[PDB]
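Trainee: If you scroll down you'll find the structure; I have some questions about it.
What follows is calculated from the coordinates using simple rules that are stated; it is not laboratory data. Quick reminder, even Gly has a Cβ in these numbers, built from the backbone with ideal geometry, and neighbours come from all protein chains shown.
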Amino acid sequence: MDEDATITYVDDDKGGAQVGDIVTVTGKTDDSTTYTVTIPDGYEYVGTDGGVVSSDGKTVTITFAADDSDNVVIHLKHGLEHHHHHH
């Protein structure tokens, strides 16, 4: 049996509306992964829940669960737009 962990970037400024797409990673409860958080144009790192977040916040140690399915939620707000491609 394979267990999953979904890393969903959401816009904490826009009522949790999705930024980009979901990162679907799978493995075993025995395995733990290290994921670097990607900050796109005009979006600000608020916080992360699920997946054990590092003291710097820019990396997150995730672990796969058949109970939870480790839904890692990365919250982002709107900063100052300098007129260009949103992502």
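Trainee: Between residue 1 and residue 52, take the C-beta separation as r, use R0 = 35 Å, and let me know the FRET efficiency to the nearest 0.05.
Mentor: Efficiency, rounded to the nearest 0.05: 0.95.
Trainee: Another one. Any chance you could run the full-extension gain for residue 61 through residue 25? It's 0.36 nm times the residue separation minus the Cα-Cα distance, nm to one decimal.
Mentor: 11.7 nm
Trainee: How high is the relative contact order of the chain, in percent, counting Cα pairs under 8 Å that sit 6 or more residues apart?
Mentor: For the chain, the relative contact order is 39 percent.
Trainee: Identify, among 24, 71, 36, the residue whose Cα sits farthest towards the positive end of the charge dipole of the chain, taking +1 on the Cβ of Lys and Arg and -1 on the Cβ of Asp and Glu, with the dipole about the Cα centre.
Mentor: 36
Trainee: For the chain, count all C-alpha to C-alpha pairs, find those more than 14 Å apart, and express that count as a whole percent of the total.
Mentor: Percentage above 14 Å: 62.
Trainee: Given a Förster distance of 41 angstrom, what is the FRET efficiency for residue 81 paired with residue 36, based on the Cβ-Cβ distance and rounded to 0.05?
Mentor: 0.95
Trainee: Oh, and also: Dipole magnitude of the chain about its Cα centre, charges +1 at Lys/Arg Cβ and -1 at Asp/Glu Cβ only, in debye to the nearest 20?
Mentor: 260
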